[PDB]
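Participant: Chains as they are written, first to last, in the entry's author numbering: chain A, 1 to 84; chain B, 1 to 84.
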Ligand SMILES: [Zn+2]
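(1) Pop quiz: residue 57 (chain A) and residue 34 (chain A) are said to be a contact at Cβ under 8 Å. What is the actual Cβ separation, rounded to whole angstroms?
(2) Residue 41 (chain A) lies in the alpha helix (DSSP H); which residues open and close that run?
(3) Would you say residue 12 (chain A) lies against chain B (beta-carbon separation less than 9 Å)?
(4) Going by alpha carbons, who is nearest to residue 50 (chain A) out of A:30, A:63, A:71 and A:25?
(5) Is the beta carbon of residue 22 (chain A) within less than 8 Å of some heavy atom of ligand 1?
(6) Tell me whether residue 29 (chain B) is buried or exposed, calling it buried when 16 or more other Cβ atoms sit within 10 Å of its Cβ.
(7) Going by beta carbon distance, what residues of the same chain come within less than 7 Å of residue 54 (chain A), once the five residues before and after it are set aside?
(8) Output needed in chain order: residues of the segment 38 to 55 of chain A with a Cβ under 7 Å from some Cβ in chain B.
(9) Nearer than 8 Å: is that true of the beta carbon of residue 16 (chain B) relative to any heavy atom of ligand 1?
(10) Does the distance between the C-beta of residue 74 (chain B) and the nearest non-hydrogen atom of ligand 1 fall short of 8 Å?
(11) Could you tell me which uninterrupted alpha helix (DSSP H) segments, each at least 4 residues in length, are contained entirely in the segment 30 to 73 of chain A, listed from first to last along the chain?
(12) In the DSSP assignment, the beta strand (DSSP E) including residue 1 (chain B) goes from what residue to what residue?
(13) Under the three-state reduction of DSSP, which class applies to residue 78 (chain B): helix, strand or coil?
(14) Chain A partners of residue 16 (chain B), CB-CB under 9 Å?
(15) Do residue 46 (chain B) and ligand 1 come close, with the Cβ less than 8 Å from some heavy atom?
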C-alpha cells in the first residue's frame, strides 16, 4: 500500500545525499491526513517540501535523523499493491 | 552527476508501470537545457510532467518506448557527485 519516500539534499553543495522509505501503511492514509495532505489526490503525484512542524511527526518512521538545518527534505507519497 | 529519473503509470487504471534511470550525464546539462529547464537551477527539485514535446528529447536515453497516449510520465532531475 502507501509508503512515504523521504529524500534529503545537502543545503551547501545541494547534491542528492540519501533516501529512505517508511513502512507500508496499507490503505490507511491517516498519516497523510495528519500532515494536512489529502490521500487519494496526492499519492504518486509529486514531491512536498518538509516544513519544521512535520519533522517530529515523520521522525518515528525513519532511521535517518531528520535535521532541517543541514539538509533539505522532500517527501513523496507512493502507493502500490500490498507488499513491496 | 546528473541522472534523469523517469517513472510512469497506466493512464487508465492509474497503476505504477515502471521506472528507469538514464545514464549519468556528469555535468553535461544539455538535455535539460533542450527541455527548456535550467540545468543547475532545477536539479533536485520536485518532478515534472512529461509533455509530448519532451518525448523525442528524452527517448534517446531510455530503453523504454515512451508512449504518452498510454501512460503518464514524470521525470526528476537528480544530481549527486560522480560515480553515483
Ligand atoms: Zn517528485
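Idealized CB from N, CA, C, for every residue including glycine.
Facilitator: Looking at the atomic coordinates:
(1) As a first step, residue 57 (chain A) must be located in the first chain, where it is residue number 57. As a first step, residue 34 (chain A) must be located in the first chain, where it is residue number 34. Rounded, the Cβ-Cβ distance is 6 Å, consistent with contact.
(2) Here residue 41 (chain A) refers to the residue found at position 41 of the first chain. Unbroken alpha helix (DSSP H) run through residue 41 (chain A): 39 to 42.
(3) Your numbering for residue 12 (chain A) matches position 12 in the first chain. Closer than 9 Å: no.
(4) Along the first chain, read from residue 1 onward, the residue named residue 50 (chain A) stands at position 50. Out of A:30, A:63, A:71 and A:25, A:71 has the C-alpha closest to the C-alpha of residue 50 (chain A).
(5) If you number the first chain from 1, residue 22 (chain A) lands on position 22. No, Cβ of residue 22 (chain A) sits at least 8 Å from all heavy atoms of ligand 1.
(6) Counting from 1 along the second chain, the entry for residue 29 (chain B) is found at position 29. Result: buried.
(7) Within the first chain, residue 54 (chain A) is the residue found at index 54, counting from 1. For residue 54 (chain A), where only same-chain residues beyond five positions count, the Cβ hits under 7 Å are 35.
(8) 44, 46 and 47
(9) Position 16 of the second chain holds residue 16 (chain B). No; taking the cut-off as 8 Å, the Cβ of residue 16 (chain B) has no heavy atom of ligand 1 nearer than that.
(10) If you number the second chain from 1, residue 74 (chain B) lands on position 74. Yes - ligand 1 has a heavy atom lying nearer than 8 Å to the Cβ of residue 74 (chain B).
(11) 30 to 33, 39 to 42 and 55 to 58
(12) For this step, residue 1 (chain B) is matched to residue 1 along the second chain. Neither: residue 1 (chain B) is in no beta strand (DSSP E) and is coded neither H nor E.
(13) Taking the second chain and counting its residues from 1, one reaches residue 78 (chain B) at position 78. Strand at residue 78 (chain B).
(14) Locating residue 16 (chain B) in the second chain gives position 16, counting from the first residue. Going along chain A in sequence order, the residues near residue 16 (chain B) (Cβ under 9 Å) are 44, 78, 79, 80 and 81.
(15) Numbered from its first residue, the second chain carries residue 46 (chain B) at position 46. Yes - ligand 1 has a heavy atom lying nearer than 8 Å to the Cβ of residue 46 (chain B).
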